[PDB]
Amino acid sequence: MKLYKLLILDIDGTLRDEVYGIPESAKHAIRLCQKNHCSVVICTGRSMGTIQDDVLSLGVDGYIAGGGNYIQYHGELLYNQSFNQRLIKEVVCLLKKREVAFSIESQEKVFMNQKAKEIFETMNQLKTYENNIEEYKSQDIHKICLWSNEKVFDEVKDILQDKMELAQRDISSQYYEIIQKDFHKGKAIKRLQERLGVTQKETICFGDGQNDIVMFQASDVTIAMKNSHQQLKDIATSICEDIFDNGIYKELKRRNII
């Protein structure tokens, strides 16, 4: 028997196409889920400060943000974890000395160096950013994005040690997405479930990236798309259609959730 109480949705490439935004069918699906007593919670690597306006306009029940460091539900901030400030200063000091592209994030802003800005500029050309790393001083930081060799990464691991884990890793581009140990999307989903009195069996998620693989152990059903990260597709319960082929709506309709 299945009666879902929690829909977990990733934003980028799941709920929302990076170029064409959110399809009406997904907005409708969300509205229908909520009518059927199934909470809809955004579960994103984005911070509340970088979540897009169209996502904020949906009236979802909660937000798991920063890749799992921040949990808000029905407006109430439940969890908001940030790295030890002294450890961030050491990392920032190291990474400036190493002259590698990097960024750090608070729940409001992304602080990035020149090399990192140049990476995001080029990412956008393959569809403004500022060298503002010197604006970091006392903000609460929950994520470090690093483009470097294995040696520079090991130096960051020597500073953070057991306090960190990788949310995501792209070997080819030398990219590491560093978050706090046990504050990935999966752990946040569990914390939220525990606050709401919802079980794993009552939870269904939709993801697309490597940062969504962790959603699986927190969910009964995990849905990916054809274009999703292969490791996610390999463990997904099913593959729904692409964003603008009404994948979320159709998947929810097939499972009789809406």
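Quick note: we count residues from 1 along the sequence shown, nothing fancier.
Check the residues of the deposited sequence separating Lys127 from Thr128 and report how many of them have no coordinates, as none, 1 to 3, 4 to 9, or 10 or more.
Missing in between: 10 or more residues.
84-92 versus 128-136 - which carries the larger mean C-alpha B factor in the record
Higher of the two, by average CA B-factor, is 128-136.
Which wins on mean Cα temperature factor, 118-126 or 173-181?
Comparing averages over the C-alpha atoms only gives 118-126.
Which third, lowest, middle or highest, does the CA B-factor of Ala26 fall in along this chain?
For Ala26, whose C-alpha B-factor we compare with every modelled residue in the chain, the answer is the middle third.
Taking the values exactly as deposited, rank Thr199 by C-alpha B-factor within its chain and report the matching third: lowest, middle or highest.
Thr199: CA B-factor falls in the middle third of its chain.
Based on the deposited C-alpha B factors for this chain, I'd like to know if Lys190 is in the lowest, middle or highest third.
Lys190: CA B-factor falls in the middle third of its chain.
Chain thirds of CA B-factor: placement of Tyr73
Ranked within chain, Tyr73 CA B lands in the lowest tercile.
Ranking the modelled residues of this chain by C-alpha B-factor as given in the entry, is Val40 in the lowest, middle or highest third?
Its C-alpha B-factor belongs to the lowest third of this chain's values.
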